[PDB]
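Given next, in structure tokens, is a single chain: the form deposited in one PDB entry.
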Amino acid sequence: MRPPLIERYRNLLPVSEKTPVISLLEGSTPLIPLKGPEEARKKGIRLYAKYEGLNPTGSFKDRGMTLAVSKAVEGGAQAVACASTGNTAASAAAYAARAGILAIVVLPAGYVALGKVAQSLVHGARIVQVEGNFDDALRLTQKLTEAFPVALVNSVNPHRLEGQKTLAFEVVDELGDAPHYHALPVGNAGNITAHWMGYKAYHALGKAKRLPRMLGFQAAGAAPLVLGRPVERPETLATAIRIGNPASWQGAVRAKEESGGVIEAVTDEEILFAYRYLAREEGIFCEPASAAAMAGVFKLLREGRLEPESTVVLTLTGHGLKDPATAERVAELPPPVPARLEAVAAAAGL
């Protein structure tokens, strides 16, 4: 039923019989067809949500991690390393535990909320805090990949991009062709770069007639790609895309230019609106960063920038359960009422 990602696309991936398949049955996620919004429905525009939140660790990063770790193990690596918290750390820790190797996470001795590393820790991640800054931490991470058999699994790891482009493969397999547009969040730009690589690869194989316009969106307070310059003070509630200087900058610009798409911004308020829309009207619960993709579609529709009768696919990068802080900001218990049927039906709106 649910096969290993690398197995499903073995012929299209940099693997061989010598590649130890370290999988958690990631990928092959649901492509939920959305009912609306009505602004899209009235123009005959159909939306589909690639629910990447339904991956083993909760984010699409499992796609690149499964391959990155598999190749790392093939290369004889005793452990994978990254200089980040959140999903990347959680995914790396999970696959390292599956592979039976160590997962190293180097971070500055500063303040770190256990929420950002709790998941990676339960998996057995080796978190090391150093008396330095983000620069020193990422520096020590590299040197650790030069003096010891450690594989750096950060955003620039080629294998991560190779594995993440499979999402595009799955979309085409389901729809029968590439969509007209494809919206997704943009943090370090590795995912958008991979997406484009995927669609171009499927077109070169003859499995896709068209190439979609990549619609990447960033949070207003953290849109270095929109401003065309690094943002030394990234600000946004969408933690996953709180990036001031994307590692895959060049890749993002290329995908934007070649696909004839755009990389624009949406405010946190817009992100929160899309966040609620997906949950309350589509039944889809994703984290804010992911909602940004839907916020992007709302923006273009509002501007009438999406051709009618077109198909729009959105990559909801992470599951809502990933960020309880935002859920609690939106959630609220109503004032209690008397234990009477009349009062209940009233407060219920019946």
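Don't overthink the numbering: it's just position in the shown sequence, from 1. In this text, the rigid core denotes the largest set of C-alpha atoms whose superposition between the two forms falls within 1.5 Å.
Only in words, not in the display: the form deposited in another entry, which the text now covers.
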query = Where does the C-alpha shift reach 2 Å or more between the shown form and the other one among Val262, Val156, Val122, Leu144, given a fit on the rigid core?
reply = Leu144
request  = Please check if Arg329 moves between the shown form and the other one, taking a CA shift of 2 Å or more relative to the superposed core as movement.
outcome  = yes
task = Answer yes if the Cα of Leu107 shifts by 2 angstroms or more between the shown form and the other one on a rigid-core superposition, and no otherwise.
result = yes
ask   = Is the C-alpha displacement of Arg340 equal to or greater than 2 Å between the shown form and the other one once the rigid core has been superposed?
value = yes
message = Can you confirm the direction of the Cα distance change for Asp135 and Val231 in the other form, closer or farther than in this form, given it is 3 Å or more?
response = closer
